[PDB]
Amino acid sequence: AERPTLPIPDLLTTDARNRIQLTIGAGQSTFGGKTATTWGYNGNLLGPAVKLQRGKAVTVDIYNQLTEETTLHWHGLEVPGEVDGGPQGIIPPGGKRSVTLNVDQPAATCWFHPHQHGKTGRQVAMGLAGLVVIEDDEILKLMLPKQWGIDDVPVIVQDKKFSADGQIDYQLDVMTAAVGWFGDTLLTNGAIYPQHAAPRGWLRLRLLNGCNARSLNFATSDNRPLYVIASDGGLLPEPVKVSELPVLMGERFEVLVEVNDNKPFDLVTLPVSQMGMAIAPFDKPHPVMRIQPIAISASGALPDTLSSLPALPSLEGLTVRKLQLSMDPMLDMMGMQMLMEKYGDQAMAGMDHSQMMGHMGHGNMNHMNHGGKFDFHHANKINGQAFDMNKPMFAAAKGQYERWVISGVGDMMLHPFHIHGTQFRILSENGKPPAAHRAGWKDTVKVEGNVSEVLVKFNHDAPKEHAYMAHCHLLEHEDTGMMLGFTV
């Protein structure tokens, strides 16, 4: 039995009425021979790739065929709050909502997913995610690999776990509210360890970490380099050669990799230094997909220069906004203890010696109900407040750079922090200047026991009724309060 081929999402463009139709629905998938209920856009699992063009408007008709409410957020796309599809963007079960997207940002790979209040983790875990391919005038002149599904492929990497009966085994509980929902099965565009046949020359991979909570670190099995050409918000100024590529939850990178005749190799993910994430099989490099070379010449180029990145402006005089992330200490400690009890020392493999200590310290954490004050559902916070959909925390300026300072000092958990309505520039990532491939346009920044600072500008309105979100993209943290709303 050979490896299945890598599924290729349909690249979906507008009709004559300038409409794209997305249906959200429940179906079935098979994983290792067992059927599971799964959810998808225009299918059973995952979704299509919606193709957009800078300066053109399209209308998307969104049909919710689930039996529960949902929303549809365009992660990475700079659009008004009204069409942003945050938690206020409710689509009733059996109903339809239409949005018009007036695309005005550079070429990039973005994505889309649910943003249902308190339930985003579950709805993503059930299968909802799709892709957005934005093109502009500039990018096509570069003559990059561009044959969709051949030498230009999306690679959506996600973990899941399943119960004995085959169903997706998702829970938002005290453990997952602390450390995230993660599993033992890695999916690549919904398939387990697929192969992709690619022509000789350059192969472009549009990588998305679509995991709820698991950070990833891409590399190749034979140590051939990856050439990073794009981050969340578009092209870098020039390619950046790397041996390994860390990718946080919700982040995208586009890379070129060389394909040579007769030498198959795997894309792999390397063990990460994140609590819970190095349990077998993830204690060792884990294959993501095999690349099978085809002896046909691939036409794409790796240009010396890709785009022009503007200089960072002067910081003096810019509004500063503080966003202090926090976790309830008691519930954080409880969740961590549950993780250690379940998996043992391995749940801290690869962490620092200071943190590591899982020594004599398994004291009795109580199991009685002490009321809503101690409910994990609102344990995670920004500026001392669990997300309140009725109360945006502030109004940001429109068309002005601001400096946002996001702190995770006070706990050791990983918080990939995401801000709607913008592509920003990272000034400091967790207390260090950003790596070259992370110095361009980003919509996510790492916050882990330290402080990050980003330079952000909002070009579109967001009223109180359809506010922008800023949140941790570890989805179980978001769902248990680590989110705020803001207006523009």
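Note that residue numbering begins at 1 and tracks the sequence as displayed. Basically, rigid core = biggest C-alpha set you can superpose within 1.5 Å across the two forms.
Here the rigid core sets the fit, and in 6 other deposited structures of this protein the C-alphas of 252 to 260 stray farther than those of the other stretch, out of 252 to 260 and 388 to 396. For the pair 288 to 296 and 103 to 111, greater average C-alpha departure from the shown form in 6 other deposited structures of this protein after core alignment is found in 288 to 296. For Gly183, the record comparison shows coordinates present in all the other entries of this protein that model its neighbours, with no third of them leaving it out. Modelled in this chain, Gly371 is nonetheless unresolved in at least one third of the other entries of the protein that span it on both sides. Here 43 to 51 and 457 to 465 are compared by their mean Cα B-factor, and 457 to 465 comes out higher.
Of the two segments, 352 to 360 and 116 to 124, the one listed with the higher mean B-factor is 352 to 360 (C-alpha atoms only). Taking only the listed residues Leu270, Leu208, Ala197, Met334, the entry reports the highest CA temperature factor at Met334. Residue-level inspection of the entry shows that, of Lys442, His420, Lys446, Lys34, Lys34 has the top Cα B-factor.
In the PDB entry, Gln147 places in the middle third of its chain by CA B-factor.
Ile8 sits in the middle third of its chain by CA B factor, as recorded in the PDB entry.
Among the modelled residues of its chain, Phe374 has a C-alpha B-factor that falls in the highest third, as given in the PDB entry.
Ranked against the other modelled residues of its chain, the C-alpha B-factor of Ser326 as given in the entry falls in the middle third.
Compared with the other modelled residues of the chain, the Cα B-factor recorded for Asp232 ranks in the lowest third.
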